[PDB]
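In structure tokens, one chain follows: the form solved without adenosine-5'-diphosphate.
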């Protein structure tokens, strides 16, 4: 259960307030989607759930524990973060996946790759998992590199997973391939999907619409879309006009 209590955030000491007084409570296992126009403030949630951003006021807490007092590694074992990662190291495919967990089991590498939906296209290259991804000869697709990353995050078994614009730089097809796995990737996890494309968050258990640092609307895709005058309905039309 992730919670934002009367959160207020600024980037620098005396700059504009980005998040006014956010209050949000994400239930365990809930797959929540967060959308909004430029300036909404959604681009600060990930770094706040991690503990990079420090709230000027209020508190962020996981499972009841205030993150300002939580242990760095504990917090790191709790949250898995997937950003738009289109850069790999010139190592094997498998070394790129276990980059953070050195001598981890090949069995777990495979298990993670499977969940991420990267196993098949991987065991399809010349040398498979041992294929040198040296950004020169072994050229993968953006959608594929993005999936290698989803693997890294899933290496550990994150009870909380955050996709922050993870697929915004991909075209419909590429993203689609990935959205097909989201069901199994979400199994037994609390998931936050922050995206630009409202369609990406279409089947979330609930969508949060942010605007100007504030939460203005929230509900299931269909509830929001049934209100023609809703901001969500406006944004939805825009990505299809």
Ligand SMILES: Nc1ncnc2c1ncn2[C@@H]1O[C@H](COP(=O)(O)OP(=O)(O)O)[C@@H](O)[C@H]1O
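Numbering follows the first chain given and starts at 1.
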{"query": "Given 12-20 and 224-232, the range whose Cα B-factors average higher in the PDB entry", "finding": "12-20"}
{"query": "Residue range whose averaged C-alpha B-factor is higher in the record, 98-106 or 120-128", "finding": "98-106"}
{"query": "Residue selected from 214, 197, 47, 187 by maximal Cα B factor", "finding": "187"}
{"query": "CA B-factor ranking of residue 71, expressed as a third of its chain", "finding": "middle"}
{"query": "Where the record places residue 175 (Cα B-factor, split into thirds across the chain)", "finding": "middle"}
{"query": "Residue 26 - which third its CA temperature factor falls in, relative to the rest of the chain", "finding": "lowest"}
{"query": "B-factor third for the C-alpha atom of residue 137 within its chain", "finding": "highest"}
{"query": "Among modelled residues of the same chain, the CA temperature factor third for residue 55", "finding": "middle"}
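There is also a form deposited with adenosine-5'-diphosphate bound; it is not shown, and the following applies to it.
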| property | result |
| --- | --- |
| Binding-site state, shown form vs adenosine-5'-diphosphate in the deposited bound form, superposed, 3 or more atoms under 2.4 Å of backbone or C-beta | blocked |
| adenosine-5'-diphosphate contact in the deposited bound form: residue 200, any heavy atom under 4.5 Å | no |
| Contact label in the deposited bound form: residue 47 to adenosine-5'-diphosphate, heavy atom within 4.5 Å | yes |
| adenosine-5'-diphosphate contact at residue 28 in the deposited bound form, heavy atom, 4.5 Å | no |
| Contact label in the deposited bound form: residue 37 to adenosine-5'-diphosphate, heavy atom within 4.5 Å | yes |
| Interface segment, criterion being heavy atoms within 4.5 Å of adenosine-5'-diphosphate in the deposited bound form, picked from 47-55, 66-74, 180-188, 201-209 | 47-55 |
